[PDB]
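Participant: The structure that follows is given in the form of structure tokens.
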Amino acid sequence: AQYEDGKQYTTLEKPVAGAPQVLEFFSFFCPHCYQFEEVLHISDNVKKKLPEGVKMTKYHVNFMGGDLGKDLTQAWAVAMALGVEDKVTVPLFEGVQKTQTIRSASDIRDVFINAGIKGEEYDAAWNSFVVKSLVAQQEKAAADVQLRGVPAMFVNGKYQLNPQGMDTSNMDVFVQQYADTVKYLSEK
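All residue numbers for the sequence shown refer to the deposited numbering, where the first residue is 1 and numbers rise by one.
Put into structure tokens, the structure is as follows:
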């Protein structure tokens, strides 16, 4: 058939109960993740085809970058708590990978301050239990899909996108087939 288990996607041996409908994992240290988000815009192209009543969810991971990696997961929790993901995603990717001006928790915080988040507001969120729970949520979600690498995307806690089984040559054909596949899995 056109879509095939083991081709455009794989099926988790152990489905995850109560997972987000569409769940992406990434790291701001991850070069392929920079490509995915900043060049290919996979997230945005995926959301362009999502059925009505399905949310896209994006979690950060710890395992790249040591202490900064965990600081970035905590900052991403702050972004989620404050609802400012679309103001900090580009400057965090660029600060970590392009300019390499992000080397500490303070440098991460500067991105938020520069984006208009008040200092008191960032600090209160950073040290909040709501944010500790959001960090734990991201970590648990990774364990539950038995995550091995990023970027990665899971649908209904059941299916894992398999970009290795799509075309490489036209970025746009690849991006379209990825987006088409998520929508298919959404309805499956």
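No residue lacks a Cβ here, since even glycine has one placed at the ideal position from N, Cα and C.
Kindly confirm or deny that the stretch 87-107 and the stretch 169-176 touch, where touching means at least three C-beta pairs closer than 8 angstroms.
Facilitator: no
Participant: Alpha carbon to alpha carbon, what distance is there between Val-150 and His-60?
Facilitator: 9 angstroms
Participant: Using CA coordinates, which residue listed in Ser-106, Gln-8 and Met-64 is at the minimum distance from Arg-148?
Facilitator: Nearest C-alpha to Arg-148 among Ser-106, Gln-8 and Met-64: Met-64.
Participant: Starting from the N-terminal side, write out each stretch of the beta strand (DSSP E) that is 3 residues or longer and does not extend beyond the stretch 32-64.
Facilitator: 56-60
Participant: Measuring straight from C-alpha to C-alpha, what distance separates residue 199 and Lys-58?
Facilitator: Residue 199 falls outside the range modelled here, since the chain spans only 1 to 188, and no answer is possible.
Participant: In the DSSP output, what is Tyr-9 paired with across the bridge?
Facilitator: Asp-5 and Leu-161
Participant: Can you tell me where the beta strand (DSSP E) with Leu-23 in it begins and where it stops?
Facilitator: Counting along the chain, the beta strand (DSSP E) containing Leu-23 begins and ends at 22-26.
Participant: Is the beta carbon of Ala-115 sitting closer than 7 angstroms to the one on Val-88?
Facilitator: yes
Participant: Quick one: residues in its chain with C-beta nearer than 6 angstroms to the C-beta of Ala-77, no 5 flanking neighbours on either side, listed in chain order?
Facilitator: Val-131, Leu-134 and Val-135
Participant: Locate the beta strand (DSSP E) running through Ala-19, then write down its first and last residues.
Facilitator: Here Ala-19 belongs to no beta strand (DSSP E), and DSSP marks it neither H nor E.
Participant: First and last residue of the beta strand (DSSP E) that includes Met-153?
Facilitator: Here the beta strand (DSSP E) through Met-153 covers 152-155.
Participant: Do you know whose CA, among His-41, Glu-139, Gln-8 and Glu-85, lies nearest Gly-69's CA?
Facilitator: Shortest Cα-Cα distance from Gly-69 to any of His-41, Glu-139, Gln-8 and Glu-85 involves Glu-139.
Participant: When the Cα atoms are used, what is the spatial distance from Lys-183 to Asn-162?
Facilitator: 14 angstroms
Participant: Taking the alpha-carbon of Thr-10 as reference, which of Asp-167, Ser-169, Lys-48 and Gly-157 has the nearest alpha-carbon?
Facilitator: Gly-157
Participant: Nearest CA to the CA of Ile-42: which residue from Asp-110, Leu-23 and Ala-105?
Facilitator: Checked all of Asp-110, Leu-23 and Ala-105; the closest Cα to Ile-42 is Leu-23.
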